[PDB]
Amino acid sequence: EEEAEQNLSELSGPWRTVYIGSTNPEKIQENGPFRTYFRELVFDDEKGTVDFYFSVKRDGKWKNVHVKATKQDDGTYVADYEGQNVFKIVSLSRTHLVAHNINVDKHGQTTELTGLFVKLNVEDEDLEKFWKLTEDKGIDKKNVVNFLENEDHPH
């Protein structure tokens, strides 16, 4: 029985959107800029930044987008994406993230958003069980596909 030491950087990895709510429905409608499907998040304690990787549809086409946010002394984060944004983490753990985002667009219109995201956790012993099983059946390592990374880097 052992567990990895908790470090903010240990929260980095694949994350997925569960729910997103908005005071302005147009922002999260089909082709809305905030109807974002999360791919991965990278937390950096030393630089005080969070990098967001997500996908969103625009002009009927899916786009891969990266946004870097910077921590403020008040602990909140600022990011530029379809206007200015102030992002606040309401609850966080090894498995979930609940946040509140304030957006002011290029016309001075304000929208407040709430979101629930969850982390996809892959443990070491489970990976080991899969690999031992795979060699037991005589399957070559080049004969296995990583589905998780394909979803994290769609097109």
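When you see a residue number, it is the position in the sequence shown, counting from 1.
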For the stretches 103 to 111 and 61 to 69, which has the higher mean C-alpha B-factor as given in the deposited record? 103 to 111
Of the two stretches 37 to 45 and 87 to 95, which shows the higher Cα B-factor on average in the entry? 87 to 95
Where does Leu120 sit by CA temperature factor within its chain: lowest, middle or highest third? middle
Lowest, middle or highest third - CA B-factor, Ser22: lowest
By its CA B factor, does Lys141 count among the lowest, middle or highest third of the modelled residues in the chain? highest
